[PDB]
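Sequence lines set the chain letters: A, B, ... in the order given, protein chains first and strands last, and positions in each chain run from 1.
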Amino acid sequence: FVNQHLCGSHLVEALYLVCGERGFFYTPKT
Amino acid sequence: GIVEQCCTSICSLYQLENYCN
């Protein structure tokens with residue numbers, strides 16, 4: 001069934017979109 | 001943190017927004 005989880009590059013893209021010009025910090029586990 | 005909340009589980013918009021600068 002359709003996946004609602006945001007992981008990896010998809011999570012980074014999500015932050016890019018929602019945070020907009022505010023920006024954000026991110027660190028992967030891998 | 002964001003991984004457990006949004007990747008392992010499912011997160012809402014305001015949870016995600018709270019990780020922004």
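Tracing side-chain contacts under 4.5 Å through hydrophobic residues (I, L, V, M, F, W, Y), one reaches B:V3 starting from B:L13; they form part of the same cluster.
Clustering of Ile, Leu, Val, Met, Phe, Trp and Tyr side chains at separations under 4.5 Å places A:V2 together with A:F1.
The CG atom of A:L6 sits 6.0 Å away from the SG atom of B:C6 when rounded to the nearest 0.5 Å. Once rounded to the nearest 0.5 Å, the distance linking SG of B:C11 with CD1 of B:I2 reads 6.5 Å.
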Taking it one step at a time, do A:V12 and A:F24 satisfy side chain to side chain contact (heavy atoms under 4.5 Å, CB included)? CA-CA 9 Å; A:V12 171; A:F24 59 97; 4.2 Å; yes
Show the pairs of one donor and one acceptor atom, one from chain B and one from chain A, lying under 3.5 Å apart.
from  : atom 1 : to    : atom 2 : distance (Å)
B:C6  : O      : A:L6  : N      : 2.8
B:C7  : O      : A:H5  : ND1    : 3.0
B:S9  : O      : A:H5  : ND1    : 2.9
B:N21 : N      : A:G23 : O      : 2.9

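For chain B, the option among A:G8, A:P28, A:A14, A:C19 with the highest count of heavy-atom pairs below 4.5 Å is A:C19.
Residue contact with chain B, scored on non-hydrogen atoms closer than 4.5 Å, involves the side chain of A:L11 exclusively.
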